[PDB]
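Presented below is the structure to which this report refers.
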Amino acid sequence: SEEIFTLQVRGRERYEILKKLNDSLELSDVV
Amino acid sequence: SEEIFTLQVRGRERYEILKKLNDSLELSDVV
Amino acid sequence: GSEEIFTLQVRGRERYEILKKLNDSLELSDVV
Amino acid sequence: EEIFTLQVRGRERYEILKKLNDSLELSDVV
């Protein structure tokens, strides 16, 4: 199984930063 | 109104890294 | 004891800016 | 591109930012 977690964020800039990092980790992780 | 953005994250370890970063970013008034 | 400060090297201005925002936030918040 | 520096206080803080930087070097998202 996999688990999807929800992280709630205030402030567009905060959200945009975290989205870029999430996207990067999706692509850099071995799986 | 205040917009709360949702960041969907696969996996506990990935979530915990991003949550730590969010913990910091939410304390920062100017990002 | 003492404190260690590490030089993080980042390629590219836009990548530098995102990591700078994070580091600046961490310096204030001290969450790590 | 140029390489820029950021001074990072403390090993654990350096390690989290290094993890992100290394990820970005692999993914090229930013």
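Nothing in this text is a laboratory measurement; each read-out follows from the coordinates by a stated rule. Reconstructed Cβ throughout: ideal geometry from the backbone, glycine too, with neighbour counts over all protein chains shown.
Distance between Cα centroids, chain C to chain D: provide it in whole Å.
8 Å
Give me the one-decimal Kirkwood hydrodynamic radius in Å for the protein assembly as shown, with the sum taken over alpha-carbon pairs.
About 14.9 Å for the protein assembly as shown.
Rounded to whole Hz and in sequence order, give me ³J(HN,Hα) for the stretch A:12-29 from the Karplus expression 6.51 cos²θ - 1.76 cosθ + 1.60, θ = phi - 60°, writing x for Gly and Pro.
Karplus values, whole Hz, x for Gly and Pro: 4, 5, 4, 4, 5, 4, 5, 4, 4, 5, 4, 4, 4, 5, 4, 8, 8, 5.
Summing +1 for each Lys or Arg and -1 for each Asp or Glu, what net charge is found among the other residues whose Cβ lies under 15 Å from the Cβ of A:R12?
Here the charged neighbours net out to -1.
Please go through chain A and write out the GluC sites (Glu not before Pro) that DSSP classes as loop and that have at most 15 other C-beta atoms within 10 Å.
A:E2, A:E3
Tell me which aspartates and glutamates have Cα within less than 17 Å of D:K18's Cα, excluding those fewer than 8 residues away on the same chain?
Excluding near neighbours in sequence, the set is A:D23, A:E26, A:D29, B:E13, B:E16, C:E4, C:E14, C:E17, C:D24, C:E27, C:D30, D:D28.
According to a simple spin-label model (label point 7 Å from Cα along Cα-to-Cβ), what is the distance in nm between A:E2 and D:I3?
3.4 nm
Pop the C-beta distance of B:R10 and D:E15 into the FRET formula with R0 = 25 Å and round what comes out to the nearest 0.05.
Using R0 = 25 Å, I get an efficiency of 0.70.
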